[PDB]
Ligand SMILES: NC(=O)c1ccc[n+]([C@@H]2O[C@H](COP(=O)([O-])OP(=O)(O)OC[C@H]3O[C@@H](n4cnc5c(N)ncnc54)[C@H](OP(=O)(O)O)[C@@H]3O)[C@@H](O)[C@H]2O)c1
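Next comes just one chain, in structure tokens: the form solved without the ligand.
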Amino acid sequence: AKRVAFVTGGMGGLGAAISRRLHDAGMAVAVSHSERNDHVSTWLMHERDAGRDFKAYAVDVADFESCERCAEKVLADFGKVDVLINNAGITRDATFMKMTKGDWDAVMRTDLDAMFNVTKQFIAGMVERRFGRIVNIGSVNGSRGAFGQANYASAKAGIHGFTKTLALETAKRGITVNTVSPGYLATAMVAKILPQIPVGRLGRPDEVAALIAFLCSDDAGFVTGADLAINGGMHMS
């Protein structure tokens, strides 16, 4: 039975690279989104033109019930989910002194609470079948802290604490949970940044996708509760 992967924000700069890599690894891939049908349709179509057959689901990862409804559809089509990539999130940048409580919640409830809201929908299947791969997308900015992002940095760091506890809980049931923590990436939304990066360039979404593919393969069963940093050397210990 084919391995199934669910990639939240699966149509993003990094979600779409991850999805393509996981499909090319031979998995049945579902991607999550909150966009209008035309966006989703054109995306699905061009992917179909590049040899790739995706199925997409609408979700609000900040909303538990919505995750429940989303998971329902996914499980009905693929019947199980083996590989979960918590990749969906948002930024709401403000200096701390300017930050509104609204800036704060949008980022906590979405970026961090997604660890509970989404992973809750799939964890029983993984434990039942004694197999799973959960990769939580962190950020270099949860490691080093960032100016203007007290909220996004608190969420990415919290994400690692969740990675570690889940790994401890699921280790003995064939499931590994890891944080992958990318630096700045040549995405669509993305001289104060580049000199920050020893390697002297943005990382490619596909590079991060490659590392993720490895973590979800059968060769990475001894990596759990780890933070994999892939940042162009922008941050070290």
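One-based numbering along the sequence shown. We call the rigid core whatever largest set of C-alpha positions still superposes within 1.5 Å between the two forms. Shifts are known only where both forms have a C-alpha.
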Task: Missing residues, deposited sequence, between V190 and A191 (class: none, 1 to 3, 4 to 9, 10 or more) - done: 4 to 9
Task: Selected stretch [higher average CA B-factor]: 23 to 31 or 43 to 51 - done: 43 to 51
Open item on the list: Going by the mean C-alpha B-factor recorded in the entry, which is higher: 161 to 169 or 97 to 105?
Closed with: 97 to 105
Open item on the list: Highest Cα temperature factor in the entry, among the options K156, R92, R133, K120: which one is it?
Closed with: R92
Task: Deposited CA B-factor, highest of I212, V61, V199, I175 - done: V199
Open item on the list: Using the temperature factors of the C-alpha atoms in this entry, rank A229 within its chain: lowest, middle or highest third.
Closed with: lowest
Open item on the list: Split into thirds by Cα B-factor across the chain's modelled residues, where does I85 land: lowest, middle or highest?
Closed with: lowest
TODO: Could you look up the Cα B-factor of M115 in the entry and say which third of the chain it sits in: lowest, middle or highest?
DONE: lowest
TODO: Ordered by C-alpha B-factor within the chain, which third holds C70? Give me lowest, middle or highest, please.
DONE: middle
Task: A146 - which third its CA temperature factor falls in, relative to the rest of the chain - done: highest
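The same protein also has a form deposited with the ligand bound, omitted here; what follows describes it.
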- [ ] Establish, in the bound PDB entry, whether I134, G161 and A226 all lie within 4.5 Å of the ligand, using non-hydrogen atoms for the distance.
- [x] no
TODO: Specify the contacting stretch among 149 to 157, 124 to 132, 69 to 77, 94 to 102, defined as having any heavy atom within 4.5 Å of the ligand in the bound PDB entry.
DONE: 149 to 157
TODO: Name the residue from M27, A56, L211, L185 that puts a heavy atom within 4.5 Å of the ligand in the bound PDB entry.
DONE: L185
Open item on the list: Whether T170 contacts the ligand in the bound PDB entry should be assessed with a 4.5 Å heavy atom distance threshold; does it?
Closed with: no
Open item on the list: Please determine whether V107 contacts the ligand in the bound PDB entry, using a 4.5 Å cut-off between heavy atoms.
Closed with: no
Open item on the list: Taking any heavy atom pair closer than or equal to 4.5 Å as contact, tell me whether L14 reaches the ligand in the bound PDB entry.
Closed with: yes
- [ ] Using the partner position in the bound PDB entry, report whether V83 sits within 4.5 Å of the ligand, counting heavy atoms only.
- [x] no
Task: Contacts with the ligand in the bound PDB entry - residues in 205 to 237 whose heavy atoms fall within 4.5 Å - done: none
Task: Identity of the moved residue from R36, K172, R201, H46, C-alpha shift 2 angstroms or more, core fit between the shown form and the other one - done: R36
- [ ] Superpose on the core, then tell me which runs of at least 3 consecutive residues have all their CA atoms shifted by 2 Å or more between the shown form and the other one.
- [x] 35 to 38
